[PDB]
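Here is data.tsv, consisting of TSV, C-alpha atoms and all ligand atoms:
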```tsv
chain	number	residue	atom	x	y	z
A	1	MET	CA	74.36	63.59	73.16
A	2	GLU	CA	74.19	60.60	70.77
A	3	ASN	CA	74.71	62.91	67.80
A	4	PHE	CA	78.20	63.45	69.23
A	5	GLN	CA	81.20	61.24	69.88
A	6	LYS	CA	83.05	62.34	72.98
A	7	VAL	CA	86.74	62.80	72.40
A	8	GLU	CA	87.93	63.91	75.84
A	9	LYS	CA	87.00	65.72	79.03
A	10	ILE	CA	88.12	69.28	78.78
A	11	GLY	CA	87.13	69.50	82.46
A	12	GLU	CA	84.38	70.48	84.87
A	13	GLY	CA	82.76	73.79	84.08
A	14	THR	CA	80.50	75.96	86.23
A	15	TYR	CA	77.32	74.19	85.00
A	16	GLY	CA	78.51	70.68	84.26
A	17	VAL	CA	81.14	68.66	82.48
A	18	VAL	CA	82.57	70.02	79.18
A	19	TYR	CA	83.70	67.62	76.43
A	20	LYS	CA	85.56	67.92	73.23
A	21	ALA	CA	83.22	66.04	70.92
A	22	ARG	CA	82.78	65.26	67.25
A	23	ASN	CA	79.48	65.65	65.38
A	24	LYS	CA	79.12	62.07	64.04
A	25	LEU	CA	77.37	63.36	60.88
A	26	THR	CA	78.92	66.73	59.90
A	27	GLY	CA	82.49	66.00	61.08
A	28	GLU	CA	82.43	69.17	63.22
A	29	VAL	CA	84.73	69.19	66.26
A	30	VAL	CA	82.97	71.05	69.11
A	31	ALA	CA	82.89	71.79	72.81
A	32	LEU	CA	79.86	70.03	74.28
A	33	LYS	CA	78.50	71.34	77.56
A	34	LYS	CA	75.84	69.41	79.51
A	35	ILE	CA	73.97	71.90	81.66
A	36	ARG	CA	73.13	70.55	85.12
A	37	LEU	CA	69.61	71.56	86.08
A	38	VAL	CA	63.35	72.43	82.32
A	39	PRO	CA	62.98	76.17	82.93
A	40	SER	CA	61.41	78.16	80.07
A	41	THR	CA	63.21	81.40	81.05
A	42	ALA	CA	66.65	79.72	80.78
A	43	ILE	CA	65.50	78.38	77.39
A	44	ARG	CA	64.49	81.76	75.95
A	45	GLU	CA	67.60	83.45	77.42
A	46	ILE	CA	69.89	80.83	75.98
A	47	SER	CA	68.02	81.23	72.68
A	48	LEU	CA	68.84	84.98	72.66
A	49	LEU	CA	72.55	84.08	73.16
A	50	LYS	CA	72.47	82.21	69.84
A	51	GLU	CA	72.15	85.51	68.01
A	52	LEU	CA	74.87	87.34	69.95
A	53	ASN	CA	77.62	86.68	67.43
A	54	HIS	CA	81.04	88.27	67.44
A	55	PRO	CA	84.56	87.18	66.39
A	56	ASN	CA	85.78	87.48	70.01
A	57	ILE	CA	82.85	85.53	71.49
A	58	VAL	CA	83.01	81.74	71.36
A	59	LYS	CA	80.29	80.91	68.86
A	60	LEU	CA	77.24	79.14	70.32
A	61	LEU	CA	76.55	76.59	67.53
A	62	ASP	CA	73.49	74.89	68.87
A	63	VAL	CA	71.20	74.51	71.77
A	64	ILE	CA	69.94	70.96	72.26
A	65	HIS	CA	66.86	70.68	74.39
A	66	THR	CA	65.72	67.04	74.18
A	67	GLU	CA	64.54	64.42	76.68
A	68	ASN	CA	64.06	67.21	79.22
A	69	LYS	CA	67.84	67.84	78.99
A	70	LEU	CA	70.02	70.83	77.96
A	71	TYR	CA	73.24	70.73	75.91
A	72	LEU	CA	75.05	73.70	74.49
A	73	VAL	CA	77.32	73.13	71.50
A	74	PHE	CA	80.14	75.67	71.06
A	75	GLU	CA	82.85	76.39	68.53
A	76	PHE	CA	85.89	74.46	69.81
A	77	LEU	CA	89.12	76.28	70.88
A	78	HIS	CA	92.22	74.39	71.90
A	79	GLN	CA	93.74	76.42	74.77
A	80	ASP	CA	92.77	78.75	77.61
A	81	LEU	CA	94.64	81.78	78.91
A	82	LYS	CA	95.56	80.02	82.17
A	83	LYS	CA	97.38	77.20	80.45
A	84	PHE	CA	99.02	79.76	78.13
A	85	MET	CA	100.10	81.99	81.04
A	86	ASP	CA	101.48	78.98	82.88
A	87	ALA	CA	103.24	77.83	79.73
A	88	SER	CA	104.91	81.22	79.30
A	89	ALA	CA	105.67	82.13	82.92
A	90	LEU	CA	109.49	81.95	82.70
A	91	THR	CA	109.45	84.98	80.43
A	92	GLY	CA	105.86	86.31	80.63
A	93	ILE	CA	103.51	86.75	77.65
A	94	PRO	CA	105.16	89.49	75.57
A	95	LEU	CA	103.61	92.96	76.07
A	96	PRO	CA	102.45	93.33	72.40
A	97	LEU	CA	100.47	90.06	72.80
A	98	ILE	CA	98.99	91.17	76.18
A	99	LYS	CA	97.86	94.36	74.48
A	100	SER	CA	96.44	92.48	71.51
A	101	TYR	CA	94.59	90.10	73.86
A	102	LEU	CA	93.24	92.89	76.06
A	103	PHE	CA	92.13	94.84	72.95
A	104	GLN	CA	90.27	91.89	71.51
A	105	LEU	CA	88.54	91.08	74.86
A	106	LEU	CA	87.44	94.71	75.21
A	107	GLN	CA	85.94	94.49	71.69
A	108	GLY	CA	84.03	91.34	72.75
A	109	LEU	CA	82.84	93.03	75.92
A	110	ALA	CA	81.84	96.20	74.11
A	111	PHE	CA	79.67	94.14	71.72
A	112	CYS	CA	77.89	92.12	74.41
A	113	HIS	CA	77.55	95.23	76.62
A	114	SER	CA	75.91	97.21	73.76
A	115	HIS	CA	73.23	94.41	73.79
A	116	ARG	CA	72.89	94.62	77.57
A	117	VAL	CA	74.45	91.12	78.00
A	118	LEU	CA	76.94	90.56	80.86
A	119	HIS	CA	79.42	87.81	81.56
A	120	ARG	CA	79.60	88.13	85.41
A	121	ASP	CA	82.26	85.41	85.71
A	122	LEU	CA	85.33	86.31	83.60
A	123	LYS	CA	88.44	84.28	84.40
A	124	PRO	CA	91.52	82.94	82.60
A	125	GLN	CA	89.77	79.57	82.24
A	126	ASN	CA	87.02	81.00	80.07
A	127	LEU	CA	89.27	83.16	77.82
A	128	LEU	CA	90.18	80.89	74.95
A	129	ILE	CA	92.92	81.26	72.36
A	130	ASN	CA	93.76	79.97	68.86
A	131	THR	CA	96.70	79.77	66.46
A	132	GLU	CA	95.66	82.85	64.50
A	133	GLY	CA	96.31	85.08	67.50
A	134	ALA	CA	92.64	85.43	68.41
A	135	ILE	CA	91.26	85.41	71.96
A	136	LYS	CA	87.62	84.69	72.69
A	137	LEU	CA	85.19	84.86	75.57
A	138	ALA	CA	83.47	81.60	76.56
A	139	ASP	CA	80.20	81.25	78.55
A	140	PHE	CA	79.06	84.80	77.95
A	141	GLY	CA	75.51	85.36	79.14
A	142	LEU	CA	75.22	81.99	80.89
A	143	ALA	CA	75.27	83.46	84.45
A	144	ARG	CA	71.99	85.35	83.84
A	145	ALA	CA	70.53	82.22	82.20
A	146	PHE	CA	71.51	79.73	85.01
A	147	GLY	CA	73.16	81.59	87.97
A	148	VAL	CA	76.65	81.42	89.55
A	149	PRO	CA	76.87	78.81	92.36
A	150	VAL	CA	79.47	78.54	95.16
A	151	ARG	CA	80.59	75.01	94.17
A	152	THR	CA	80.38	72.98	90.97
A	153	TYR	CA	78.61	69.59	90.66
A	154	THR	CA	82.09	68.21	91.36
A	155	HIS	CA	82.65	70.36	94.48
A	156	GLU	CA	85.37	72.52	92.86
A	157	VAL	CA	85.27	75.90	94.62
A	158	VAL	CA	84.32	78.71	92.27
A	159	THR	CA	87.07	81.33	92.18
A	160	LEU	CA	86.52	84.78	93.70
A	161	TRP	CA	89.72	86.34	92.36
A	162	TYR	CA	88.07	88.30	89.54
A	163	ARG	CA	84.89	89.23	91.44
A	164	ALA	CA	84.03	93.01	91.40
A	165	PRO	CA	83.78	94.67	94.86
A	166	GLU	CA	80.09	95.62	94.36
A	167	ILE	CA	79.33	91.92	94.10
A	168	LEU	CA	81.26	91.09	97.24
A	169	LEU	CA	79.38	93.91	99.07
A	170	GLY	CA	76.07	92.37	98.18
A	171	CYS	CA	74.90	94.40	95.19
A	172	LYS	CA	71.74	92.73	93.97
A	173	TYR	CA	71.91	94.25	90.49
A	174	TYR	CA	74.96	93.80	88.31
A	175	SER	CA	76.05	96.31	85.68
A	176	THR	CA	78.48	95.84	82.74
A	177	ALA	CA	81.14	97.33	85.03
A	178	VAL	CA	81.59	93.96	86.75
A	179	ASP	CA	83.19	92.54	83.55
A	180	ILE	CA	85.59	95.50	83.26
A	181	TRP	CA	86.72	94.89	86.84
A	182	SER	CA	87.46	91.17	86.07
A	183	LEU	CA	89.22	92.01	82.85
A	184	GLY	CA	91.39	94.57	84.67
A	185	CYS	CA	92.29	91.89	87.19
A	186	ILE	CA	93.23	89.55	84.31
A	187	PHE	CA	95.24	92.30	82.60
A	188	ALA	CA	97.33	92.79	85.79
A	189	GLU	CA	97.85	89.03	86.11
A	190	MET	CA	99.11	88.80	82.50
A	191	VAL	CA	101.65	91.57	83.23
A	192	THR	CA	103.00	90.52	86.65
A	193	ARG	CA	102.58	86.75	86.20
A	194	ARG	CA	100.80	86.66	89.59
A	195	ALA	CA	97.05	86.79	90.32
A	196	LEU	CA	96.19	90.31	91.53
A	197	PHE	CA	93.70	89.34	94.26
A	198	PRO	CA	93.84	85.54	95.07
A	199	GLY	CA	91.16	85.49	97.82
A	200	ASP	CA	90.04	82.19	99.34
A	201	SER	CA	86.87	83.54	100.97
A	202	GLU	CA	84.65	86.56	100.34
A	203	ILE	CA	86.14	88.56	103.16
A	204	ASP	CA	89.63	87.53	102.22
A	205	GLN	CA	88.88	88.69	98.65
A	206	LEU	CA	87.44	92.00	99.81
A	207	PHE	CA	90.29	92.63	102.24
A	208	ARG	CA	92.87	91.83	99.58
A	209	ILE	CA	91.24	94.45	97.25
A	210	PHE	CA	91.10	96.92	100.16
A	211	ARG	CA	94.80	96.45	101.05
A	212	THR	CA	95.85	97.19	97.48
A	213	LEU	CA	93.35	99.94	96.49
A	214	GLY	CA	92.53	101.38	99.92
A	215	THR	CA	89.33	100.74	101.87
A	216	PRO	CA	86.58	102.46	99.89
A	217	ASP	CA	84.74	105.35	101.53
A	218	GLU	CA	82.00	107.85	100.55
A	219	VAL	CA	84.62	110.08	98.86
A	220	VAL	CA	85.71	107.57	96.20
A	221	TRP	CA	82.45	105.52	96.15
A	222	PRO	CA	79.26	107.48	96.96
A	223	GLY	CA	76.82	105.03	98.52
A	224	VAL	CA	79.42	102.36	99.50
A	225	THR	CA	78.61	102.59	103.25
A	226	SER	CA	74.98	101.60	102.72
A	227	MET	CA	75.62	98.49	100.71
A	228	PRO	CA	74.22	95.23	102.09
A	229	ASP	CA	77.49	93.68	103.32
A	230	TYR	CA	79.34	96.89	104.08
A	231	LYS	CA	80.38	97.02	107.76
A	232	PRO	CA	81.46	100.26	109.47
A	233	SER	CA	83.90	98.02	111.30
A	234	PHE	CA	85.92	97.15	108.15
A	235	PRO	CA	89.60	98.03	108.67
A	236	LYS	CA	90.51	101.25	106.90
A	237	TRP	CA	93.66	100.53	104.81
A	238	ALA	CA	95.36	103.14	102.56
A	239	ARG	CA	95.83	102.72	98.79
A	240	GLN	CA	99.05	101.61	97.12
A	241	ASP	CA	100.85	102.89	94.05
A	242	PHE	CA	100.25	101.16	90.74
A	243	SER	CA	103.91	101.62	90.23
A	244	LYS	CA	104.25	99.16	93.16
A	245	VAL	CA	101.30	97.00	91.97
A	246	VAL	CA	102.05	96.22	88.35
A	247	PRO	CA	105.70	97.37	87.98
A	248	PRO	CA	106.76	96.59	84.44
A	249	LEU	CA	103.51	98.07	83.11
A	250	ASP	CA	104.11	101.42	81.40
A	251	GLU	CA	102.33	104.68	82.18
A	252	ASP	CA	99.52	104.15	79.60
A	253	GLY	CA	98.81	100.62	80.79
A	254	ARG	CA	98.88	101.74	84.46
A	255	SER	CA	96.52	104.59	83.71
A	256	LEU	CA	94.06	102.28	81.83
A	257	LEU	CA	94.26	99.66	84.61
A	258	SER	CA	93.49	102.32	87.18
A	259	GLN	CA	90.31	103.20	85.26
A	260	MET	CA	89.21	99.58	84.96
A	261	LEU	CA	89.69	99.16	88.72
A	262	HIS	CA	87.70	102.21	89.99
A	263	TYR	CA	85.61	101.24	93.03
A	264	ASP	CA	82.48	103.04	91.91
A	265	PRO	CA	80.96	101.01	89.04
A	266	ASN	CA	79.65	104.29	87.60
A	267	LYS	CA	83.14	105.75	87.39
A	268	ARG	CA	84.71	102.56	86.03
A	269	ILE	CA	85.72	102.89	82.34
A	270	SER	CA	83.36	101.27	79.79
A	271	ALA	CA	84.69	98.71	77.26
A	272	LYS	CA	83.97	101.28	74.49
A	273	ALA	CA	85.95	104.09	76.19
A	274	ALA	CA	88.80	101.73	77.09
A	275	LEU	CA	89.24	100.78	73.40
A	276	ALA	CA	90.03	104.47	72.70
A	277	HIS	CA	92.60	104.72	75.53
A	278	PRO	CA	96.13	105.82	74.38
A	279	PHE	CA	97.38	102.44	75.53
A	280	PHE	CA	95.99	100.95	72.31
A	281	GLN	CA	97.61	103.48	69.97
A	282	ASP	CA	100.31	101.02	68.84
A	283	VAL	CA	98.27	97.80	69.18
A	284	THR	CA	99.00	95.03	66.67
A	285	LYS	CA	98.04	91.37	66.42
A	286	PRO	CA	101.01	88.99	67.06
A	287	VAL	CA	100.92	85.26	66.47
A	288	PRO	CA	101.37	83.39	69.76
A	289	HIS	CA	103.80	80.41	69.84
A	290	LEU	CA	101.33	77.83	71.33
B	301	LIG	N1	94.16	72.30	77.35
B	301	LIG	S1	93.45	73.60	77.91
B	301	LIG	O1	94.31	74.76	77.68
B	301	LIG	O2	93.19	73.45	79.34
B	301	LIG	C1	91.94	73.84	77.10
B	301	LIG	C2	91.09	74.87	77.52
B	301	LIG	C3	89.87	75.07	76.90
B	301	LIG	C4	89.47	74.22	75.86
B	301	LIG	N2	88.32	74.45	75.16
B	301	LIG	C5	87.12	74.93	75.71
B	301	LIG	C6	86.83	74.87	77.11
B	301	LIG	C7	85.58	75.39	77.54
B	301	LIG	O3	85.17	75.36	78.86
B	301	LIG	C8	86.15	75.04	79.76
B	301	LIG	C9	85.94	75.92	81.00
B	301	LIG	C10	86.91	75.55	82.12
B	301	LIG	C11	86.71	74.08	82.50
B	301	LIG	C12	86.96	73.20	81.28
B	301	LIG	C13	85.98	73.57	80.16
B	301	LIG	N3	84.71	75.88	76.62
B	301	LIG	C14	85.02	75.85	75.32
B	301	LIG	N4	84.32	76.32	74.29
B	301	LIG	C15	85.08	76.13	73.18
B	301	LIG	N5	86.24	75.53	73.57
B	301	LIG	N6	86.19	75.41	74.88
B	301	LIG	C16	90.35	73.22	75.42
B	301	LIG	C17	91.57	73.01	76.06
```
What's the C-alpha cells form of this structure?
Amino acid sequence: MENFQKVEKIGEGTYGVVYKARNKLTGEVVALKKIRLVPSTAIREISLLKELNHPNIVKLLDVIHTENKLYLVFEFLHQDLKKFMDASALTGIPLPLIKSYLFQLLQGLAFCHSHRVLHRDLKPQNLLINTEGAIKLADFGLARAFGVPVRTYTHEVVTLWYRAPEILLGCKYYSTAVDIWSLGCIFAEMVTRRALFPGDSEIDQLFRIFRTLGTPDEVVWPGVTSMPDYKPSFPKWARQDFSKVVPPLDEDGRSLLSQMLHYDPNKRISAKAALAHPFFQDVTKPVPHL
C-alpha cells in the first residue's frame, strides 16, 4: 500500500475497495484493489492471471502479497460502460460503437476461454473504456480465485441481472457459456437502453428470464428438470419475440443475441463462433465522445 499514493475511491468492488492510486516511485497511475480475505490456492491462481494478457483484458500489473495481505495492481481505465450508457441515454450508444464494443469483448472472452479461464460475473461496471475506442474486461478470473459473495464488505447487494440460468438453477460447475449469457444481456441493454432482466432476488431473476424466453423444458434444455433448484411447480410461461424484446436491433444482431441467450449452455454460441457471425461483417472501431 505504502508504495502507492491514493488519489480517489473509484468505489467498492466485489472483494474490497478499489482506488485510483499513483506509484510513488515509477509515476504509474493504477487501479489498486485491496482483496478482503492467506490462502495458497488463491495465490497460485492469481499468479496464473498475471500471464493471461490480452488487449481487451485489463492488464494485471502486479500482485502484492506482503504482511499477510493481498493487493492487486491493474492498468487504470477512466470510465465504465454503465457510466457511459447513462451518459449517452438520450440518444443511445450508436450502433457501430455497440458492435465495436461487443466485438472487442468477444475477442477478450475468446482468449480467456481458450485458456479455460472464466469471468463468472460480467456486468457494465467491470467493462472499462478508454479514449482510443477500446473496451476491456476487468476482474477476469477473480471469481475462481476468491468466490462470488451475496453482499460486499460494504453490504452492497451483488447484482443478479447478468447471471446465467444454469447458475440460478444451482449448477455446481460453471462453463464458459455463463460469460456469453452475461455478455448477451449486456448487448441487449446497450441496444434498448434498459436492463434486460433486472431481478432483485434469485427467483425474481429466474422468473424474469422465463417470462421473456419461455419457461425452459426438456425440449429446449435436456436435463433442465433435474437441476438442483428446478421445481416442477415453476409457472410455465411462453417465449416472446426478439422483435418485441430488442426492437431497433436488426436481423443479424437479433439472430446473434438469440444464440448467446440459448438456455442450454451446450447450445449457447461460443465467443469464437460469435466473432464469425454475419453481424460483425461491417464492424469498425469508432472513437467514443467520452
Ligand atoms: N467514473 S467511472 O466511470 O465510474 C469509473 C469506472 C471505472 C474506473 N476504473 C476502474 C474500476 C475498477 O473496478 C471498479 C469496479 C466497480 C466498483 C468500482 C471499482 N477496476 C479498474 N481497473 C482499471 N480501472 N478500473 C474509473 C472510473
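Distances to ligand LIG 301 (chain B) were evaluated for A:219, A:134, A:87, A:102 using only C-alpha atoms and all ligand atoms, and the minimum falls at A:87.
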Skipping near chain neighbours, those fewer than 4 positions away, what residues fall within 9 Å of residue 10 (chain A) using all atoms listed in the file, listed as a JSON list (two decimals) with C-alpha atoms, in the frame of the given file?
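Written output follows (result00.json):
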```
[["chain", "number", "residue", "atom", "x", "y", "z"],
["A", 17, "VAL", "CA", 81.14, 68.66, 82.48],
["A", 18, "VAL", "CA", 82.57, 70.02, 79.18],
["A", 19, "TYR", "CA", 83.70, 67.62, 76.43],
["A", 20, "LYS", "CA", 85.56, 67.92, 73.23],
["A", 31, "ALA", "CA", 82.89, 71.79, 72.81]]
```
**Message:** Using only C-alpha atoms and all ligand atoms, can you tell me which of A:44, A:135, A:27, A:94 comes closest to ligand LIG 301 (chain B)?
**Reply:**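 Looking at the shortest contact to ligand LIG 301 (chain B), the residue is A:135.
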**Message:** Residues near residue 113 (chain A), anyone? I mean within 9 Å using only C-alpha atoms, not counting same-chain ones fewer than 3 positions away, as a PyMOL selection string.
**Reply:** chain A and resi 108-110+116-118+176+270-271
**Asked** Excluding same-chain residues fewer than 3 positions from region 191-208 of chain A, what lies within 10 Å of it counting all atoms listed in the file, as a VMD selection string?
**Response** chain A and resid 85 to 86 88 to 95 98 to 99 157 to 169 184 to 188 211 to 215 234 to 237 245 to 249 253
Residue selection dump (C-alpha atoms) as a PDB file, in the frame of the given file:
```pdb
ATOM      1  CA  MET A  85     100.100  81.990  81.040  1.00  0.00           C
ATOM      2  CA  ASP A  86     101.480  78.980  82.880  1.00  0.00           C
ATOM      3  CA  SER A  88     104.910  81.220  79.300  1.00  0.00           C
ATOM      4  CA  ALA A  89     105.670  82.130  82.920  1.00  0.00           C
ATOM      5  CA  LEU A  90     109.490  81.950  82.700  1.00  0.00           C
ATOM      6  CA  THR A  91     109.450  84.980  80.430  1.00  0.00           C
ATOM      7  CA  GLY A  92     105.860  86.310  80.630  1.00  0.00           C
ATOM      8  CA  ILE A  93     103.510  86.750  77.650  1.00  0.00           C
ATOM      9  CA  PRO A  94     105.160  89.490  75.570  1.00  0.00           C
ATOM     10  CA  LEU A  95     103.610  92.960  76.070  1.00  0.00           C
ATOM     11  CA  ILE A  98      98.990  91.170  76.180  1.00  0.00           C
ATOM     12  CA  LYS A  99      97.860  94.360  74.480  1.00  0.00           C
ATOM     13  CA  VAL A 157      85.270  75.900  94.620  1.00  0.00           C
ATOM     14  CA  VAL A 158      84.320  78.710  92.270  1.00  0.00           C
ATOM     15  CA  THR A 159      87.070  81.330  92.180  1.00  0.00           C
ATOM     16  CA  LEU A 160      86.520  84.780  93.700  1.00  0.00           C
ATOM     17  CA  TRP A 161      89.720  86.340  92.360  1.00  0.00           C
ATOM     18  CA  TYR A 162      88.070  88.300  89.540  1.00  0.00           C
ATOM     19  CA  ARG A 163      84.890  89.230  91.440  1.00  0.00           C
ATOM     20  CA  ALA A 164      84.030  93.010  91.400  1.00  0.00           C
ATOM     21  CA  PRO A 165      83.780  94.670  94.860  1.00  0.00           C
ATOM     22  CA  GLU A 166      80.090  95.620  94.360  1.00  0.00           C
ATOM     23  CA  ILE A 167      79.330  91.920  94.100  1.00  0.00           C
ATOM     24  CA  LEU A 168      81.260  91.090  97.240  1.00  0.00           C
ATOM     25  CA  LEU A 169      79.380  93.910  99.070  1.00  0.00           C
ATOM     26  CA  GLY A 184      91.390  94.570  84.670  1.00  0.00           C
ATOM     27  CA  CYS A 185      92.290  91.890  87.190  1.00  0.00           C
ATOM     28  CA  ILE A 186      93.230  89.550  84.310  1.00  0.00           C
ATOM     29  CA  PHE A 187      95.240  92.300  82.600  1.00  0.00           C
ATOM     30  CA  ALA A 188      97.330  92.790  85.790  1.00  0.00           C
ATOM     31  CA  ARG A 211      94.800  96.450 101.050  1.00  0.00           C
ATOM     32  CA  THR A 212      95.850  97.190  97.480  1.00  0.00           C
ATOM     33  CA  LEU A 213      93.350  99.940  96.490  1.00  0.00           C
ATOM     34  CA  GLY A 214      92.530 101.380  99.920  1.00  0.00           C
ATOM     35  CA  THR A 215      89.330 100.740 101.870  1.00  0.00           C
ATOM     36  CA  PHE A 234      85.920  97.150 108.150  1.00  0.00           C
ATOM     37  CA  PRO A 235      89.600  98.030 108.670  1.00  0.00           C
ATOM     38  CA  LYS A 236      90.510 101.250 106.900  1.00  0.00           C
ATOM     39  CA  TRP A 237      93.660 100.530 104.810  1.00  0.00           C
ATOM     40  CA  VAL A 245     101.300  97.000  91.970  1.00  0.00           C
ATOM     41  CA  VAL A 246     102.050  96.220  88.350  1.00  0.00           C
ATOM     42  CA  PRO A 247     105.700  97.370  87.980  1.00  0.00           C
ATOM     43  CA  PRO A 248     106.760  96.590  84.440  1.00  0.00           C
ATOM     44  CA  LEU A 249     103.510  98.070  83.110  1.00  0.00           C
ATOM     45  CA  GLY A 253      98.810 100.620  80.790  1.00  0.00           C
TER      46      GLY A 253
END
```
**Asked** With all atoms listed in the file as the basis for distance, which of A:73, A:68, A:104, A:63 is at the shortest distance from residue 32 (chain A)?
**Response**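 Smallest separation from residue 32 (chain A) among the options: A:73.
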**Asked** Separation of CA of residue 143 (chain A) and CA of residue 222 (chain A), in Å?
**Response**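 Straight-line distance from CA of residue 143 (chain A) to CA of residue 222 (chain A) works out to 27.4 Å.
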**Message:** Just want the residues within 6 Å of ligand LIG 301 (chain B), written as a list in words, counting all atoms listed in the file.
**Reply:** residues 10, 11, 12, 13, 18, 31, 74, 75, 76, 77, 78, 79, 80, 83, 125, 126 and 138 of chain A
May I have the selected residues written with C-alpha atoms, as a CSV table (one decimal), keeping the file's coordinate frame?
```csv
chain,number,residue,atom,x,y,z
A,10,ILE,CA,88.1,69.3,78.8
A,11,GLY,CA,87.1,69.5,82.5
A,12,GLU,CA,84.4,70.5,84.9
A,13,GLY,CA,82.8,73.8,84.1
A,18,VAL,CA,82.6,70.0,79.2
A,31,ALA,CA,82.9,71.8,72.8
A,74,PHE,CA,80.1,75.7,71.1
A,75,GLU,CA,82.8,76.4,68.5
A,76,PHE,CA,85.9,74.5,69.8
A,77,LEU,CA,89.1,76.3,70.9
A,78,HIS,CA,92.2,74.4,71.9
A,79,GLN,CA,93.7,76.4,74.8
A,80,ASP,CA,92.8,78.8,77.6
A,83,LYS,CA,97.4,77.2,80.4
A,125,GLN,CA,89.8,79.6,82.2
A,126,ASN,CA,87.0,81.0,80.1
A,138,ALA,CA,83.5,81.6,76.6
```
**Request:** Give the answer as one residue: which of A:178, A:252, A:45, A:97 has the shortest atom-to-atom distance to residue 84 (chain A), using only C-alpha atoms?
**Result:** A:97
**Message:** Here is a test: counting all atoms listed in the file, which residue of A:16, A:232, A:278, A:133 is nearest to residue 154 (chain A)?
**Reply:** A:16
**Prompt:** Between A:111, A:82, A:120, A:142, which one has atoms that come closest to residue 189 (chain A), using all atoms listed in the file?
**Reply:** A:82
**Asked** Distance CA of residue 181 (chain A)-CA of residue 260 (chain A), one decimal place?
**Response**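 Value for the CA of residue 181 (chain A)-CA of residue 260 (chain A) distance: 5.6 Å.
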For region 153-165 of chain A, I'd like the enclosing box, axis-aligned and padded by 8 Å on every side, reported as lines of an AutoDock Vina configuration file with centre and edge lengths in Å to one decimal.
```
center_x = 84.2
center_y = 81.4
center_z = 92.2
size_x = 27.1
size_y = 42.5
size_z = 21.3
```
**Prompt:** Could you work out how far CA of residue 173 (chain A) lies from CA of residue 139 (chain A), giving the answer in Å with one decimal?
**Reply:** 19.5 Å
**Request:** Using only C-alpha atoms, determine which residues lie at most 10 Å from region 37-41 of chain A, disregarding the query and same-chain residues fewer than 6 positions distant; provide the list as a ChimeraX atom specification.
**Result:** /A:15-16,47,65,67-70,145-146
Writing out the chosen residues with C-alpha atoms as a short mmCIF file (atom, residue, chain, number, x, y, z; two decimals), in the coordinates of the input:
```cif
data_model
loop_
_atom_site.label_atom_id
_atom_site.label_comp_id
_atom_site.auth_asym_id
_atom_site.auth_seq_id
_atom_site.Cartn_x
_atom_site.Cartn_y
_atom_site.Cartn_z
CA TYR A 15 77.32 74.19 85.00
CA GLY A 16 78.51 70.68 84.26
CA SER A 47 68.02 81.23 72.68
CA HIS A 65 66.86 70.68 74.39
CA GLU A 67 64.54 64.42 76.68
CA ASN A 68 64.06 67.21 79.22
CA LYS A 69 67.84 67.84 78.99
CA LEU A 70 70.02 70.83 77.96
CA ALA A 145 70.53 82.22 82.20
CA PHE A 146 71.51 79.73 85.01
#
```
**Message:** Please list as number ranges by chain every residue within 12 Å of residue 2 (chain A), counting all atoms listed in the file and excluding residues in the same chain fewer than 6 positions away.
**Reply:** A: 21-25, 32, 64, 66-67, 71
